[PDB]
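4 protein chains.
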Amino acid sequence: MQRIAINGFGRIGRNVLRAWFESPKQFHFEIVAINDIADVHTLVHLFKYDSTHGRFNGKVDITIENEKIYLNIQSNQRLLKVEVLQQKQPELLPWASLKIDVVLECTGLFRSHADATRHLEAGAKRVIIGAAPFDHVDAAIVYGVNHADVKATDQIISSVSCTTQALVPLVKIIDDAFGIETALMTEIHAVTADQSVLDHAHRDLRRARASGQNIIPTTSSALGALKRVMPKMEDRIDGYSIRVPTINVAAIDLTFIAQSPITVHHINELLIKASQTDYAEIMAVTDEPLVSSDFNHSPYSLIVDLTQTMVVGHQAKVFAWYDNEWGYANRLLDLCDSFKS
Amino acid sequence: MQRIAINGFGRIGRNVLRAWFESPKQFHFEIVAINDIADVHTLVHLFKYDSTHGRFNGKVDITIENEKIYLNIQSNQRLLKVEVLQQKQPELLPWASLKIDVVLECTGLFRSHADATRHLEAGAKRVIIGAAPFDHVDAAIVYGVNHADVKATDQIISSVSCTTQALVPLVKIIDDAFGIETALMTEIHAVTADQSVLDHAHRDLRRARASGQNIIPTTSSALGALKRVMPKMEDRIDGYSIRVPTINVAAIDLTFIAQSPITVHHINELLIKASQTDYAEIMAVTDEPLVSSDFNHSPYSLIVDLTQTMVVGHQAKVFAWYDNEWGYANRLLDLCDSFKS
Amino acid sequence: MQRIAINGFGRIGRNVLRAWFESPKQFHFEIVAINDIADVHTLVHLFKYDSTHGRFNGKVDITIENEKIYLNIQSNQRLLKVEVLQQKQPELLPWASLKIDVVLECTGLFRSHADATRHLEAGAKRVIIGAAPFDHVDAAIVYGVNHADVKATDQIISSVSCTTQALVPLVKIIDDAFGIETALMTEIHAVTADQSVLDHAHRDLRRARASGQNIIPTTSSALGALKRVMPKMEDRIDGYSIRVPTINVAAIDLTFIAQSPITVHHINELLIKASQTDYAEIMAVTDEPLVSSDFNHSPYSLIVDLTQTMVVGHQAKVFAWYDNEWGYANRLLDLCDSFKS
Amino acid sequence: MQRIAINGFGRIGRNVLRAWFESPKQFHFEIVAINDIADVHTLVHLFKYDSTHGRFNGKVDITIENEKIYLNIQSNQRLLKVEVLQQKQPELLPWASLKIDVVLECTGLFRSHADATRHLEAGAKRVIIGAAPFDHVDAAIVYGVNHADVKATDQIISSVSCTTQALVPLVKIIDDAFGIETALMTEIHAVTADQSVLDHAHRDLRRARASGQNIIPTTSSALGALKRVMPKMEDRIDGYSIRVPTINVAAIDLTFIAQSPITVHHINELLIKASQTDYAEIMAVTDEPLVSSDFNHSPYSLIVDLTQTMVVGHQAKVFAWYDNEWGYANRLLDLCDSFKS
Ligand SMILES: Nc1ncnc2c1ncn2[C@@H]1O[C@H](COP(=O)(O)O)[C@@H](O)[C@H]1O
Ligand SMILES: Nc1ncnc2c1ncn2[C@@H]1O[C@H](COP(=O)(O)O)[C@@H](O)[C@H]1O
Ligand SMILES: Nc1ncnc2c1ncn2[C@@H]1O[C@H](COP(=O)(O)O)[C@@H](O)[C@H]1O
Ligand SMILES: Nc1ncnc2c1ncn2[C@@H]1O[C@H](COP(=O)(O)O)[C@@H](O)[C@H]1O
């Protein structure tokens, strides 16, 4: 069966594996290897215990065999024997011998086309960058929109940011119905590792500042991303992220100018249909009176709070929550399940 | 002097007094009484120490002259004797005998023209409701914009909300020079007192949940304010508000369609000229990459982040800060100062 | 099957009803009625949606009849039909009708014998205050310790606090082993409902203060309870509490003077043999480097951090974690099961 | 006059420079040089805008004379003309050319005896390690206790930690009245720079975990340091530290067995006395019911909460707050203004 490997057992990598076991439907593929620069013990711990998502529900047993290290993981009536590796520089990795079909490059270090091929130079067949693009990419995918539009000879694939997978669907759907003259996105976002616990030295003089005590307006790769997905949107959309002191779950505030005429009802109605039809696998809509932590550990790439939708004249605004760790995790998985086809 | 009194030594009332002593120019009106349902010591204790604004910078001793309790408040080369009262029902309050010129109603219970007038029956000359009008006000005022338009016959007046103080100048300033077709607002606001520390039974099931580790979107009455202030802007602007774990400071995220050519440079250039000339008292602008905490205890009704301004086509977004409690409190005083003809 | 009411559908009351379901051990009794000032719809929201413990996993069918309201609740293959009520005064409540074998008085408003007797007046056969007593109680129980001391005759009982549920084991185990001359307790508790979001008027001027941004030391009627439980430990034990801005999970820090030889190993080993034999049902011990978050939703009365134990001479210090809501909520049930005719 | 320089312009470094300006008493020495690996601009911004301590009241103007970068800071009727340096290797520093009498080491990378000496070999005339000793130093000092015992043979001087600056004067005062058989310290501390914002890989696995959402029991160098100043205390004192989600201000829970009769009264009475006589510059005491943010920006090396003092038999406990950035930093300034003839 298709063999997958994770480079970087960070938040993303860890949650991905967690998802594999937690996934309601067993993914046909299997993860057989994880690479990192840290000791296995540290990782296991972080995989086992998490402040956000909680104790991982199942045993994890390390075994040394020959000289190779292995995570025997069991959970949800499902096993994986993973091989651990401690190679800093990808190029030397043994993806060749392991017959690794798909690398999940989740280190955030090797985002470029050059640094991503290093995994292919190392004998892997297909890389997926678990972040926005840096320079070149053979395709910029958003499972639920253009996961089909992957050529087979594509090798360096990006699946963009968590933010981008809430934005792209909102935009596509609405442009396809009402038209979008120009849009503007505010993103209310939980904290991210990039920030500092206390005022520290940081390039981002904004993210320099105490994560827990500040509202921090900053930027989002998610615009430049979506412009690679919908190159026509170049010079029509913009926006930014705001960081506030919650641990997890984020929102989008999408203001836009419709080209056809719009009512509140109408916009909400469309988004409800869309969530039951084409985008059923990654969208959901809620009227109920909810707040971020209700959407924690929610595998949708976005949920629309419909009550939040507003309209004055041509101008409108919609609101979507999304677990900014866990949606984007199941989308790295859901995409890998699309390649067997 | 012209004599002012406070009803409700709440988060506002206390800050108003603090501001009276902390303001760089002394006001030509004394605060001669306060009144609250809570014990004097509790009030004093919270007058002296504040989690958001640290210690009060001076002395407070409690005299019992006659049968009457008194506060004796020594700070920044200024003194006040201040009679404490403890009457729920504001019609009993002896504003008559104390010869109160102006009340500030700062409890939140008495916002109807009806309820508020009870201070005038108690023998007050004038009342300011420190809150968006409940039903009617002889006028509704935002210092720096329309404060002038108070007539002598005007008896019940509202100083609206912190949001209103920052949302209105932005509209007047932009709408005049550029022309707002429609505009939408997103208010990122710190925790509010009416919230719940853990999840709790409450009318609003959004503002029922854990204030400190939860994002909660909800309503802003600073729209239903703005419309009494600017009648022209009815159906041209709606918006909503978001609670986030910080303890103070808030942001307005204004997003508007223009009836003219708009560049980022030209928007910011206006907002600057407006702060330099027409609104130098209640406005300011910052080029610097600052965050919420940096504007704590800032007296300006709005500080505009110019590196947050954004243009796509005829649509745009401006970004302004304000200390909710302080920005609003200094405007309260600035107002009572203005009635001296 | 006995029949159990819950005056008070707050953190405790609600998490009681949950644990009944989420528990793998099935209780021979059933919960058949709840009461609260709030209206059914609101209780149901909050029963389903919790910030701390997350989405309730089950369906909740609100049934209205000619006057009576019910709650059909389905989860973990278990089904309850639960009458809802809205009556402030527990004297008038119809426990008579419904054959209430036990009330769980989880409001924290009826803690005297007289106020709790209002439930016996209403027709309930037996009460239990879900707090420390306020005066007379026909016993004060800590499950796993003196739950068999329940006299048949005993009507009004108390189940002390979560804090006391943890302190007492420790004391009893150590004293009955090494002998405790005197011992002091430092409790690090997460925010609680009594606390305020911002500085508000309150009788306890420690708890008046903004809960999110303050280390707030204070009282703890765990001691006053521990004395009612272990009478011989009068005068020898005192302690206090500290509120810090986590949402949940507390820790207890007991420094004691032993009346015999003590060494870290022996201290820990003792607690290990306890968590393995006698107290093994409400106790557990962990060698691992954990933090508060990971014990969130843990059913144990105490979990001892054995890496934290220290000894200098005849004085030593042990350390335990506990979930304040869930630890307590499970024990309440366990005690109800203890009452078997 | 003596000429001070700062290696490491971090939390400590920058607060040190700030304190210089704020002190009512113009110190009899000037800070003439700072050094950081980071870029000047960042260093200014952070020195100007702080989340913990607010805006620096003054103005900084960067000047590049010749090929040297200077900082012209003006505040509180004073000016310093600083030089900024980008030299990571201390041996290569120009302390000799700058005629530096005192380097403040605050990088926390050069705590070792050898490494700190690297400064002296650069022409430094005396070095102060702004941390507990790593290996062994010429002398460990606690201003207000033993700041007189400095010899001119002493060139490597450790100012211990913000914690030790409060632990020592308690222990000293208490042993030297009632005696201390043994004693155990619990420390509740605000968050530190070294913690992670989200769960993360790090050497210590408890400081790996999310700073804003956990109580985190860990360790404290303060005992190791106190023994190098009170060697008699070896074997007679231990303790640990806990990190809670607050920005600043920490407290200490000293529990101790007395060697005489003690009553709560006498203990508080001694500490009141001590705070007026000998330890009057570095100590204070409060009867009031106060909380962390009350003592933010408070230059006392400790303050006792006397309401918190407890007694059972020979065992007693006390409690004291301290600003763990501000206090420590004025002690650095107080230590440098001892050395003057
Ligand atoms: N050169 C590298 N090769 C492989 N994994 C790496 C490398 N550098 C960092 N990592 C991992 O990438 C992750 C960093 O992302 P995060 O920890 O989520 O901020 C951690 O799991 C690191 O161990
Ligand atoms: N009937 C009343 N008359 C005057 N002040 C009141 C009354 N009821 C409550 N207050 C005060 O109004 C304020 C409302 O809460 P807050 O403004 O958030 O502090 C508090 O100071 C209350 O103690
Ligand atoms: N008179 C009452 N009878 C029954 N339950 C009550 C009464 N008053 C308040 N409660 C409930 O008790 C709860 C207090 O516990 P907590 O939610 O932890 O603050 C409130 O949320 C109410 O739902
Ligand atoms: N010579 C130096 N070598 C290494 N780090 C330095 C040096 N000078 C300044 N720094 C940095 O200054 C920072 C200030 O401390 P902090 O920001 O609290 O970690 C430290 O992180 C150091 O790395």
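Which chain is which? The protein sequence lines are A, B, C and D, in order. Take 31 as the starting number for the first sequence in my numbering and just add one per residue. Take 31 as the starting number for the second sequence in my numbering and just add one per residue. Take 31 as the starting number for the third sequence in my numbering and just add one per residue. Take 31 as the starting number for the fourth sequence in my numbering and just add one per residue. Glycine included, each C-beta is placed from N, C-alpha and C at the ideal position.
Is the separation between the beta-carbon of residue i and that of residue j shorter than 8 Å?
i                      : j                      : result
residue 362 of chain B : residue 174 of chain B : no
residue 277 of chain A : residue 218 of chain A : no
residue 226 of chain A : residue 227 of chain D : yes
residue 39 of chain D  : residue 69 of chain D  : no
residue 33 of chain A  : residue 130 of chain A : yes
residue 322 of chain A : residue 351 of chain A : yes
Going by beta carbon distance, what residues of the same chain come within less than 8 Å of residue i, once the five residues before and after it are set aside?
i                      : result
residue 376 of chain B : It is not possible to answer for residue 376 of chain B, since the shown part of chain B is limited to 31 through 371.
residue 124 of chain B : 115, 152 and 153
residue 203 of chain A : 300, 301, 304 and 309
residue 230 of chain C : 238
residue 319 of chain A : 337
Can a CB atom of chain C be found closer than 8 Å to the CB of residue i?
i                      : result
residue 246 of chain D : yes
residue 357 of chain D : no
residue 230 of chain B : yes
residue 79 of chain A  : yes
Can you check whether the C-beta of residue i is within less than 8 Å of a C-beta belonging to chain B?
i                      : result
residue 221 of chain C : yes
residue 48 of chain D  : no
residue 320 of chain D : yes
residue 273 of chain D : no
Comparing the C-beta of residue i with each C-beta of chain D, is any distance below 8 Å?
i                      : result
residue 137 of chain A : no
residue 302 of chain A : no
residue 330 of chain B : no
residue 227 of chain A : yes
DSSP beta-bridge partners for residue i?
i                      : result
residue 95 of chain B  : B/98
residue 105 of chain D : D/108
residue 270 of chain A : A/216
residue 32 of chain B  : B/59
residue 341 of chain A : A/346
residue 263 of chain D : None; residue 263 of chain D has no bridge partner.
residue 170 of chain D : D/188
residue 84 of chain D  : D/80
residue 452 of chain A : Nothing about residue 452 of chain A can be reported from this structure: the residues present for chain A run from 31 to 371 only.
State the start and end residues of the unbroken beta strand (DSSP E) segment that holds residue i.
i                      : result
residue 349 of chain B : 345 to 352
residue 283 of chain C : 280 to 288
residue 156 of chain B : 156 to 159
With a threshold of 7 Å on Cβ separation, who are the neighbours of residue i within its own chain once the five nearest residues in sequence on each side are excluded?
i                      : result
residue 121 of chain D : 148, 151 and 152
residue 185 of chain D : 150, 156, 157 and 168
residue 250 of chain C : 193, 217, 269, 270 and 271
What are the boundary residues of the alpha helix (DSSP H) that includes residue i?
i                      : result
residue 360 of chain C : 356 to 368
residue 72 of chain A  : 70 to 78
residue 146 of chain A : 143 to 151
Using a Cβ-Cβ cut-off of 8 Å, state whether residue i counts as contacting chain A.
i                      : result
residue 289 of chain B : no
residue 205 of chain B : no
residue 40 of chain C  : no
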